[PDB]
>>> print(open('upload23.pdb').read())   # PDB, C-alpha atoms
ATOM      1  CA  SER R  22       9.174  41.104 -10.066  1.00  0.00           C
ATOM      2  CA  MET R  23      11.889  39.334 -12.051  1.00  0.00           C
ATOM      3  CA  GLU R  24      13.182  37.776  -8.806  1.00  0.00           C
ATOM      4  CA  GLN R  25       9.801  36.126  -8.160  1.00  0.00           C
ATOM      5  CA  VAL R  26       9.794  34.657 -11.665  1.00  0.00           C
ATOM      6  CA  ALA R  27      13.304  33.274 -11.132  1.00  0.00           C
ATOM      7  CA  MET R  28      12.215  31.633  -7.877  1.00  0.00           C
ATOM      8  CA  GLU R  29       9.201  30.180  -9.661  1.00  0.00           C
ATOM      9  CA  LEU R  30      11.428  28.759 -12.406  1.00  0.00           C
ATOM     10  CA  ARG R  31      13.643  27.103  -9.783  1.00  0.00           C
ATOM     11  CA  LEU R  32      10.538  25.578  -8.173  1.00  0.00           C
ATOM     12  CA  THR R  33       9.361  24.336 -11.570  1.00  0.00           C
ATOM     13  CA  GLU R  34      12.795  22.815 -12.124  1.00  0.00           C
ATOM     14  CA  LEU R  35      12.709  21.118  -8.715  1.00  0.00           C
ATOM     15  CA  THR R  36       9.239  19.773  -9.511  1.00  0.00           C
ATOM     16  CA  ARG R  37      10.531  18.273 -12.765  1.00  0.00           C
ATOM     17  CA  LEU R  38      13.380  16.525 -10.923  1.00  0.00           C
ATOM     18  CA  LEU R  39      11.087  15.271  -8.151  1.00  0.00           C
ATOM     19  CA  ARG R  40       8.673  13.923 -10.759  1.00  0.00           C
ATOM     20  CA  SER R  41      11.522  11.799 -12.119  1.00  0.00           C
ATOM     21  CA  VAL R  42      12.444  10.704  -8.569  1.00  0.00           C
ATOM     22  CA  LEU R  43       8.810   9.846  -7.792  1.00  0.00           C
ATOM     23  CA  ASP R  44       8.536   7.718 -10.928  1.00  0.00           C
ATOM     24  CA  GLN R  45      11.729   5.868 -10.022  1.00  0.00           C
ATOM     25  CA  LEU R  46      10.586   5.272  -6.438  1.00  0.00           C
ATOM     26  CA  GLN R  47       7.149   4.023  -7.470  1.00  0.00           C
ATOM     27  CA  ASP R  48       8.836   1.531  -9.816  1.00  0.00           C
ATOM     28  CA  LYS R  49      10.242  -0.065  -6.645  1.00  0.00           C
ATOM     29  CA  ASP R  50       6.637  -0.879  -5.625  1.00  0.00           C
ATOM     30  CA  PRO R  51       5.767  -3.300  -8.412  1.00  0.00           C
ATOM     31  CA  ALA R  52       2.801  -4.661  -6.427  1.00  0.00           C
ATOM     32  CA  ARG R  53       1.196  -1.156  -6.254  1.00  0.00           C
ATOM     33  CA  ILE R  54       0.720  -1.639  -2.518  1.00  0.00           C
ATOM     34  CA  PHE R  55       1.482   2.069  -1.911  1.00  0.00           C
ATOM     35  CA  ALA R  56      -0.203   3.502  -4.999  1.00  0.00           C
ATOM     36  CA  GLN R  57      -3.400   4.749  -3.345  1.00  0.00           C
ATOM     37  CA  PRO R  58      -4.544   5.912   0.102  1.00  0.00           C
ATOM     38  CA  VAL R  59      -5.565   3.180   2.536  1.00  0.00           C
ATOM     39  CA  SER R  60      -9.346   2.883   2.149  1.00  0.00           C
ATOM     40  CA  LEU R  61     -11.275   3.955   5.251  1.00  0.00           C
ATOM     41  CA  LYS R  62     -14.221   1.903   4.027  1.00  0.00           C
ATOM     42  CA  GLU R  63     -12.062  -1.227   3.987  1.00  0.00           C
ATOM     43  CA  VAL R  64      -9.927  -0.298   7.017  1.00  0.00           C
ATOM     44  CA  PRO R  65     -12.304   1.761   9.152  1.00  0.00           C
ATOM     45  CA  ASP R  66      -9.988   2.035  12.198  1.00  0.00           C
ATOM     46  CA  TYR R  67      -6.948   3.200  10.228  1.00  0.00           C
ATOM     47  CA  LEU R  68      -6.863   6.786  11.516  1.00  0.00           C
ATOM     48  CA  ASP R  69      -6.920   5.508  15.119  1.00  0.00           C
ATOM     49  CA  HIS R  70      -3.522   4.003  14.289  1.00  0.00           C
ATOM     50  CA  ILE R  71      -1.989   6.285  11.695  1.00  0.00           C
ATOM     51  CA  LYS R  72      -2.202  10.030  12.215  1.00  0.00           C
ATOM     52  CA  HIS R  73      -0.685  11.119   8.890  1.00  0.00           C
ATOM     53  CA  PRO R  74      -1.595   8.750   6.047  1.00  0.00           C
ATOM     54  CA  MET R  75       0.409   8.970   2.838  1.00  0.00           C
ATOM     55  CA  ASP R  76       0.595   7.223  -0.551  1.00  0.00           C
ATOM     56  CA  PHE R  77       2.036   7.784  -4.032  1.00  0.00           C
ATOM     57  CA  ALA R  78      -1.173   9.226  -5.566  1.00  0.00           C
ATOM     58  CA  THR R  79      -1.398  11.821  -2.793  1.00  0.00           C
ATOM     59  CA  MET R  80       2.290  12.720  -3.267  1.00  0.00           C
ATOM     60  CA  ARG R  81       1.708  13.121  -7.004  1.00  0.00           C
ATOM     61  CA  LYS R  82      -1.166  15.549  -6.374  1.00  0.00           C
ATOM     62  CA  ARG R  83       1.010  17.698  -4.142  1.00  0.00           C
ATOM     63  CA  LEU R  84       3.895  17.510  -6.624  1.00  0.00           C
ATOM     64  CA  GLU R  85       1.847  18.693  -9.606  1.00  0.00           C
ATOM     65  CA  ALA R  86       0.630  21.622  -7.508  1.00  0.00           C
ATOM     66  CA  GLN R  87       4.337  22.380  -6.966  1.00  0.00           C
ATOM     67  CA  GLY R  88       3.742  21.806  -3.247  1.00  0.00           C
ATOM     68  CA  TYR R  89       7.227  20.481  -2.424  1.00  0.00           C
ATOM     69  CA  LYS R  90       9.548  23.445  -1.842  1.00  0.00           C
ATOM     70  CA  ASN R  91      12.644  21.311  -1.267  1.00  0.00           C
ATOM     71  CA  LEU R  92      13.782  17.668  -1.319  1.00  0.00           C
ATOM     72  CA  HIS R  93      13.412  17.309   2.459  1.00  0.00           C
ATOM     73  CA  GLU R  94       9.648  17.890   2.271  1.00  0.00           C
ATOM     74  CA  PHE R  95       9.368  15.265  -0.479  1.00  0.00           C
ATOM     75  CA  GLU R  96      11.424  12.772   1.517  1.00  0.00           C
ATOM     76  CA  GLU R  97       9.260  13.361   4.589  1.00  0.00           C
ATOM     77  CA  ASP R  98       6.203  12.187   2.655  1.00  0.00           C
ATOM     78  CA  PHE R  99       8.028   9.169   1.174  1.00  0.00           C
ATOM     79  CA  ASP R 100       9.174   8.138   4.669  1.00  0.00           C
ATOM     80  CA  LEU R 101       5.550   8.391   5.885  1.00  0.00           C
ATOM     81  CA  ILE R 102       4.495   5.819   3.304  1.00  0.00           C
ATOM     82  CA  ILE R 103       7.095   3.377   4.604  1.00  0.00           C
ATOM     83  CA  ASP R 104       6.883   4.160   8.318  1.00  0.00           C
ATOM     84  CA  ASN R 105       3.064   4.053   8.457  1.00  0.00           C
ATOM     85  CA  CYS R 106       3.086   0.649   6.813  1.00  0.00           C
ATOM     86  CA  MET R 107       5.732  -0.788   9.133  1.00  0.00           C
ATOM     87  CA  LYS R 108       3.711   0.244  12.187  1.00  0.00           C
ATOM     88  CA  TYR R 109       0.230  -0.881  11.090  1.00  0.00           C
ATOM     89  CA  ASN R 110       1.352  -4.179   9.588  1.00  0.00           C
ATOM     90  CA  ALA R 111       3.341  -6.931  11.313  1.00  0.00           C
ATOM     91  CA  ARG R 112       6.748  -8.236  10.125  1.00  0.00           C
ATOM     92  CA  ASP R 113       5.260 -11.422   8.678  1.00  0.00           C
ATOM     93  CA  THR R 114       3.062  -9.629   6.146  1.00  0.00           C
ATOM     94  CA  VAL R 115       3.415  -8.902   2.446  1.00  0.00           C
ATOM     95  CA  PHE R 116       2.706  -5.232   3.284  1.00  0.00           C
ATOM     96  CA  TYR R 117       5.560  -4.772   5.780  1.00  0.00           C
ATOM     97  CA  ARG R 118       7.961  -6.657   3.532  1.00  0.00           C
ATOM     98  CA  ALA R 119       7.032  -4.474   0.540  1.00  0.00           C
ATOM     99  CA  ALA R 120       7.811  -1.376   2.612  1.00  0.00           C
ATOM    100  CA  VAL R 121      11.233  -2.730   3.608  1.00  0.00           C
ATOM    101  CA  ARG R 122      12.105  -3.393  -0.029  1.00  0.00           C
ATOM    102  CA  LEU R 123      10.834   0.037  -1.108  1.00  0.00           C
ATOM    103  CA  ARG R 124      12.911   1.717   1.621  1.00  0.00           C
ATOM    104  CA  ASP R 125      16.064  -0.182   0.689  1.00  0.00           C
ATOM    105  CA  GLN R 126      15.776   0.278  -3.077  1.00  0.00           C
ATOM    106  CA  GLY R 127      14.545   3.855  -2.774  1.00  0.00           C
ATOM    107  CA  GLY R 128      17.511   4.933  -0.662  1.00  0.00           C
ATOM    108  CA  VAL R 129      19.764   4.482  -3.667  1.00  0.00           C
ATOM    109  CA  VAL R 130      17.577   6.799  -5.763  1.00  0.00           C
ATOM    110  CA  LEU R 131      17.296   9.430  -3.038  1.00  0.00           C
ATOM    111  CA  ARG R 132      21.051   9.446  -2.421  1.00  0.00           C
ATOM    112  CA  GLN R 133      21.720  10.596  -5.983  1.00  0.00           C
ATOM    113  CA  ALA R 134      18.711  12.951  -6.012  1.00  0.00           C
ATOM    114  CA  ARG R 135      20.228  14.821  -3.056  1.00  0.00           C
ATOM    115  CA  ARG R 136      23.476  15.219  -4.977  1.00  0.00           C
ATOM    116  CA  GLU R 137      21.598  16.557  -8.036  1.00  0.00           C
ATOM    117  CA  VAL R 138      19.510  19.037  -6.056  1.00  0.00           C
ATOM    118  CA  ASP R 139      22.627  20.401  -4.324  1.00  0.00           C
ATOM    119  CA  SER R 140      24.736  20.389  -7.490  1.00  0.00           C
ATOM    120  CA  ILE R 141      22.311  22.145  -9.834  1.00  0.00           C
ATOM    121  CA  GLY R 142      21.047  24.291  -6.943  1.00  0.00           C
ATOM    122  CA  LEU R 143      17.296  23.672  -7.034  1.00  0.00           C
ATOM    123  CA  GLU R 144      16.317  24.705  -3.496  1.00  0.00           C
TER     124      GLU R 144
END
>>> encode(input="upload23.pdb", output="structure tokens")
Amino acid sequence: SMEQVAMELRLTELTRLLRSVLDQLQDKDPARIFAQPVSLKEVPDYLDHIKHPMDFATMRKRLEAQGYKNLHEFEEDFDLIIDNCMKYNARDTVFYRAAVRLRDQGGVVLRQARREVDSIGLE
């Protein structure tokens, strides 16, 4: 149907916007601490602690499959990256501190992304 195609175009548009958001957010992790999934070879007990691991590479895979239907779903995954880190790692670690900085700097980006999604009507 034509309606299905229109919905698919909107999703493709959302995916383009979220790709730009993702690139901007990952720039706020210059150390690449959140770039890849936590290695279960190097941290074998990780899943005893963290029930829903997340990282930028995993988000990018979902994004390119157009697996984020709205901004909220995307934000949920970004918040997992930060919240998982701030539970597993203590306050006096480079990991926790990187998550705090990513959260703070990323909030700015996400604030305007919400306005753009609403404005242009992408969800």
>>> atom_distance(input="upload23.pdb", atom1="atom CA of residue 45 of chain R", atom2="atom CA of residue 61 of chain R")
27.7 Å
>>> residues_around(input="upload23.pdb", residues="segment 71-83 of chain R", least_positions_apart="6", cutoff="7 Å", atoms="only C-alpha atoms", output="list in words")
residues 55, 56, 57, 58, 98, 101, 102 and 105 of chain R
>>> resolve_selection(input="upload23.pdb", expression="the PyMOL selection byres ((chain R and resi 107) around 10)", output="PyMOL selection string")
chain R and resi 101-106+108-112+114+116-121
>>> axis_aligned_box(input="upload23.pdb", around="segment 92-98 of chain R", padding_each_side="8 Å", output="lines of an AutoDock Vina configuration file")
center_x = 10.0
center_y = 15.0
center_z = 1.6
size_x = 23.6
size_y = 21.7
size_z = 21.9
>>> atom_distance(input="upload23.pdb", atom1="atom CA of residue 137 of chain R", atom2="atom CA of residue 38 of chain R")
8.7 Å
>>> atom_distance(input="upload23.pdb", atom1="atom CA of residue 91 of chain R", atom2="atom CA of residue 144 of chain R")
5.5 Å
>>> residues_around(input="upload23.pdb", residues="residue 142 of chain R", least_positions_apart="2", cutoff="12 Å", atoms="only C-alpha atoms", output="compact mmCIF listing (two decimals) with C-alpha atoms, in the frame of the given file")
# COMPACT_ATOMS: atom_id res chain seq x y z
CA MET R 28 12.22 31.63 -7.88
CA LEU R 30 11.43 28.76 -12.41
CA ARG R 31 13.64 27.10 -9.78
CA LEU R 32 10.54 25.58 -8.17
CA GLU R 34 12.80 22.82 -12.12
CA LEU R 35 12.71 21.12 -8.72
CA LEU R 38 13.38 16.52 -10.92
CA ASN R 91 12.64 21.31 -1.27
CA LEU R 92 13.78 17.67 -1.32
CA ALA R 134 18.71 12.95 -6.01
CA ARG R 135 20.23 14.82 -3.06
CA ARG R 136 23.48 15.22 -4.98
CA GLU R 137 21.60 16.56 -8.04
CA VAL R 138 19.51 19.04 -6.06
CA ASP R 139 22.63 20.40 -4.32
CA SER R 140 24.74 20.39 -7.49
CA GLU R 144 16.32 24.70 -3.50
>>> closest_residue(input="upload23.pdb", among="R:123, R:130, R:84, R:143", to="residue 29 of chain R", atoms="all atoms listed in the file")
R:143
>>> closest_residue(input="upload23.pdb", among="R:85, R:63, R:100, R:24", to="residue 36 of chain R", atoms="all atoms listed in the file")
R:85
>>> resolve_selection(input="upload23.pdb", expression="the PyMOL selection byres ((chain R and resi 42) around 10)", output="list in words")
residues 36, 37, 38, 39, 40, 41, 43, 44, 45, 46, 47, 48, 95, 127, 130, 131, 133 and 134 of chain R
>>> closest_residue(input="upload23.pdb", among="R:113, R:52, R:69, R:96", to="residue 132 of chain R", atoms="only C-alpha atoms")
R:96
>>> decode(input="upload23.pdb", residues="segment 24-35 of chain R", atoms="N, CA and C atoms", output="PDB file, in the first residue's frame")
ATOM      1  N   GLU R  24       0.289   3.827   1.900  1.00  0.00           N
ATOM      2  CA  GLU R  24       0.423   4.194   3.310  1.00  0.00           C
ATOM      3  C   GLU R  24       1.630   3.509   3.965  1.00  0.00           C
ATOM      4  N   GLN R  25       1.842   2.236   3.642  1.00  0.00           N
ATOM      5  CA  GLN R  25       2.980   1.504   4.203  1.00  0.00           C
ATOM      6  C   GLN R  25       4.295   2.113   3.758  1.00  0.00           C
ATOM      7  N   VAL R  26       4.383   2.460   2.478  1.00  0.00           N
ATOM      8  CA  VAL R  26       5.559   3.136   1.939  1.00  0.00           C
ATOM      9  C   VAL R  26       5.834   4.471   2.632  1.00  0.00           C
ATOM     10  N   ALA R  27       4.771   5.218   2.927  1.00  0.00           N
ATOM     11  CA  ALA R  27       4.922   6.512   3.586  1.00  0.00           C
ATOM     12  C   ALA R  27       5.460   6.332   5.005  1.00  0.00           C
ATOM     13  N   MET R  28       4.938   5.328   5.701  1.00  0.00           N
ATOM     14  CA  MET R  28       5.429   4.981   7.032  1.00  0.00           C
ATOM     15  C   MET R  28       6.897   4.585   6.975  1.00  0.00           C
ATOM     16  N   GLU R  29       7.253   3.813   5.954  1.00  0.00           N
ATOM     17  CA  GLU R  29       8.632   3.366   5.802  1.00  0.00           C
ATOM     18  C   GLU R  29       9.568   4.535   5.503  1.00  0.00           C
ATOM     19  N   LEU R  30       9.084   5.526   4.761  1.00  0.00           N
ATOM     20  CA  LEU R  30       9.891   6.711   4.482  1.00  0.00           C
ATOM     21  C   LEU R  30      10.124   7.531   5.751  1.00  0.00           C
ATOM     22  N   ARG R  31       9.091   7.647   6.578  1.00  0.00           N
ATOM     23  CA  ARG R  31       9.211   8.326   7.867  1.00  0.00           C
ATOM     24  C   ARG R  31      10.249   7.626   8.747  1.00  0.00           C
ATOM     25  N   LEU R  32      10.187   6.300   8.798  1.00  0.00           N
ATOM     26  CA  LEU R  32      11.163   5.519   9.561  1.00  0.00           C
ATOM     27  C   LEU R  32      12.583   5.728   9.037  1.00  0.00           C
ATOM     28  N   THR R  33      12.730   5.773   7.716  1.00  0.00           N
ATOM     29  CA  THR R  33      14.030   6.006   7.109  1.00  0.00           C
ATOM     30  C   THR R  33      14.534   7.399   7.465  1.00  0.00           C
ATOM     31  N   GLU R  34      13.621   8.364   7.500  1.00  0.00           N
ATOM     32  CA  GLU R  34      13.969   9.722   7.885  1.00  0.00           C
ATOM     33  C   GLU R  34      14.410   9.777   9.349  1.00  0.00           C
ATOM     34  N   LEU R  35      13.662   9.105  10.216  1.00  0.00           N
ATOM     35  CA  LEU R  35      14.020   9.047  11.633  1.00  0.00           C
ATOM     36  C   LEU R  35      15.408   8.439  11.803  1.00  0.00           C
TER      37      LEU R  35
END
